[PDB]
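Asker: pasting an experimental structure with its sequence.
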Amino acid sequence: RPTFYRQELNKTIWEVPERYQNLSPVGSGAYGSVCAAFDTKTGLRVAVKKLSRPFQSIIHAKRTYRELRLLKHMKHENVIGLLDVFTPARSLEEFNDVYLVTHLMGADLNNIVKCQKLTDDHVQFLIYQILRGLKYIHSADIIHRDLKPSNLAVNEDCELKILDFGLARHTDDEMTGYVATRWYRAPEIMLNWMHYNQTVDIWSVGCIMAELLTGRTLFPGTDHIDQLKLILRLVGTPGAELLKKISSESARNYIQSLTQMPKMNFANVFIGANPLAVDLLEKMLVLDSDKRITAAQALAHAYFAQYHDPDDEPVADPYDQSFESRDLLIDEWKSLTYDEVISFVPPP
Ligand SMILES: Cc1ccc(NC(=O)c2ccnc(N3CCOCC3)c2)cc1NC(=O)c1ccc(NCC[C@@H]2CCCN2C)nc1
């Protein structure tokens, strides 16, 4: 057992192993708060997330367990992994806090797009890496669902990892109005049209890739409906096949009220872009999610010829998420989480 020390940081007491020094607050929300630190054991700059009252309700306890499971499984160069997980508790009886440790990220992709010269080469490399990461997570049936430039971290070498920095509770208020939390979302998620699949994240990749090519948000809607109109303007209104797959009858009935529009010419929206980038965008930004290119198919697209190596694009180990349908009490979620904390083995 390491020795732990205590310190107050803004609003709470952080109790962490001695290896972790120079803790400095970097973010806070209702689900957790994060400090940057130096891990003296590995020489790494690390982020330390202390979950906020992780076992306060069934919803919080299950979300704690879910995030811990996910981070324990994800072992890929383009996906955030878990460097450490700890608790000051010496037994299940006293277990109440959970701290998760990852590499400390620097710039995100907003910090890249808002103020650099992005060549086509940069765009190929950055999108290649997102798709490489997504082939991996999707091979485990892990769906991100909130892929957006602020969740992609990028180093000075343009190396990228997919994360989720979200520290707040999931919410309606959050996706309301002229907000980046909605601009990248697939329209079937945005309007709850149907059970969504892993290509919700490929739609987001199309939106991010468009934005690296033009420097502008592709669909900066002022609300859900305005955004839906921007979308349909570009990709055209749904045809009969897609309409049937809209299980929501009110939603299906709303889209039929709209004047039909044809899919636009993407070379005339993405003026000057590499024709192969334009081709790829046409395959990503398809309204019917059954017809969208997958991450694995996209990595094989000619746009990525300079980067694609089918022997160096790995898939994940099988990921059991049967717990998602398990009906458990707070203390059972808490014990499952405890076992995962104590069984953690650090990466090499
Ligand atoms: C410590 C920690 C603990 C857990 C997590 N969780 C996740 O990333 C996470 C949670 C749920 N799902 C995840 N998955 C979903 C499937 O696709 C892969 C990602 C990922 C993430 C962190 N890391 C951070 O939150 C973090 C915070 C700040 C930071 N650097 C500070 C500077 C910021 C970073 C980018 C822009 N900068 C201003 N680095 C890491």
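Answerer: Ah, there it is. Numbers count the residues shown, from 1 in each chain.
Asker: can we go C-alpha only for contacts and neighbour counts from here?
Answerer: Noted.
Asker: and residue 71, how many residues sit next to it?
Answerer: The tally of other residues near residue 71 (other C-alpha atoms under 10 Å) stands at 20.
Asker: and it, backbone torsions?
Answerer: Torsion angles at residue 71 (phi, psi; degrees, to the nearest 10) stand at phi -70, psi -40.
Asker: just give me how far stretch 227-245 sits from the chain centre.
Answerer: 25 Å (C-alpha atoms, centre = their mean, to the nearest Å).
Asker: got the buried residues for that stretch?
Answerer: Residues of stretch 227-245 classed as buried under the neighbour-count rule (16 or more other C-alpha atoms under 10 Å) are 227-228, 230-232, 234-238, 243.
Asker: again, but for stretch 270-290
Answerer: Of the residues in stretch 270-290, those buried by neighbour count under the rule 16+ other C-alpha under 10 Å are 270, 273, 277-278, 280-289.
Asker: repeat that for stretch 70-79.
Answerer: 70-79.
Asker: near the ligand, which residues of this protein?
Answerer: The chain comes close to the ligand at residues 47-49, 67, 79-80, 100-102, 104-108, 143-144, 153, 162-165, as judged by C-alpha under 6 Å from any ligand atom.
Asker: just name the closest of the buried residues of stretch 270-290 to residue 116, please.
Answerer: residue 273 (16.8 Å; C-alpha to C-alpha).
Asker: restricting to C-alpha, output stretch 131-144 in PDB.
Answerer: Below are the C-alpha coordinates for stretch 131-144, written out as PDB (Å, rounded to 0.1, in the frame of the first residue of the first chain):
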ATOM      1  CA  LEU A 131     -10.400   6.600 -37.400                       C
ATOM      2  CA  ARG A 132      -7.500   4.300 -36.200                       C
ATOM      3  CA  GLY A 133      -8.700   4.900 -32.500                       C
ATOM      4  CA  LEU A 134     -12.400   4.400 -33.600                       C
ATOM      5  CA  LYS A 135     -11.700   1.100 -35.400                       C
ATOM      6  CA  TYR A 136     -10.300   0.000 -32.100                       C
ATOM      7  CA  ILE A 137     -13.100   1.200 -29.800                       C
ATOM      8  CA  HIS A 138     -15.800   0.200 -32.200                       C
ATOM      9  CA  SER A 139     -14.300  -3.400 -32.500                       C
ATOM     10  CA  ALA A 140     -15.200  -3.600 -28.800                       C
ATOM     11  CA  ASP A 141     -18.700  -2.200 -29.400                       C
ATOM     12  CA  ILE A 142     -17.700   0.800 -27.400                       C
ATOM     13  CA  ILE A 143     -19.400   3.900 -28.900                       C
ATOM     14  CA  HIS A 144     -18.100   7.300 -28.000                       C
END
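Asker: apart from its neighbours in sequence, what residue is nearest residue 230?
Answerer: Here the nearest residue to residue 230 in space, its sequence neighbours aside, is residue 219; by C-alpha to C-alpha, 6 or more residues apart in numbering that works out to 5.9 Å.
Asker: so who does the one you found touch?
Answerer: The neighbourhood of residue 219, defined by C-alpha atoms under 8 Å, 6 or more residues apart in numbering, consists of 183-184, 207, 227, 230-231.
Asker: and these as JSON lines, adding secondary structure?
Answerer: Supplementary listing: the contacts of residue 219 in JSON lines, determined by DSSP: H, G, I helix; E, B strand; the rest coil:
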{"residue": "183", "secondary structure": "helix"}
{"residue": "184", "secondary structure": "coil"}
{"residue": "207", "secondary structure": "helix"}
{"residue": "227", "secondary structure": "helix"}
{"residue": "230", "secondary structure": "helix"}
{"residue": "231", "secondary structure": "helix"}
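Asker: all helices for the stretch 201-348 of the chain, in order.
Answerer: With DSSP state H, counting those that start in this stretch as the criterion, the stretch 201-348 of the chain has helices at 224-235, 240-245, 249-255, 275-284, 295-299, 330-343.
Asker: include distance to residue 192 when you put those helices into TSV, please.
Answerer: Putting the helices of the stretch 201-348 of the chain into TSV (distance: least, C-alpha to C-alpha, whole Å) gives the following:
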stretch	distance to residue 192
helix 224-235	11
helix 240-245	12
helix 249-255	8
helix 275-284	19
helix 295-299	23
helix 330-343	28
